[PDB]
């Protein structure tokens, strides 16, 4: 008699060669929010455990940021705070870092092609410590580029 409808939008970003997924099998979120503490004068970092999945485990995994990430006041371009990104214990930047199979622990993981868990950390700090940031809403993009080759 009564008809109830429920629409759930399903999405996927597919890469056939390489991707970085959460260690729990989920997709990484497209957006994260960092909290700033007026008490500790620091941001609470975003930390997530991830695994690289690849279609060839004989190749090297190369990781770099497409650009230097910044939190920028959405009302004032001039007002910025740097973002720091670490993955698998390595500070990432615009200069590429190479990760070899042994170091990614492919054999350890237990499914072929998939790395051991590595932590991804995204965080931020004010440009100069001691000086509190200016109030506002801030935005930026961590552009993670990862390549397979050799």
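Residue numbers count along the first chain shown, from 1.
- Between the stretches 105 to 113 and 80 to 88, it is 105 to 113 that shows the larger average CA temperature factor.
- Relative to its counterpart among 8 to 16 and 124 to 132, 124 to 132 has the higher mean temperature factor, C-alpha atoms as listed in the PDB entry.
- Residues shown: 28, 66, 35, 52. Highest C-alpha temperature factor in the entry: 66.
- The entry lists C-alpha B-factors for 95, 45, 42, 70, and the highest of these is at 95.
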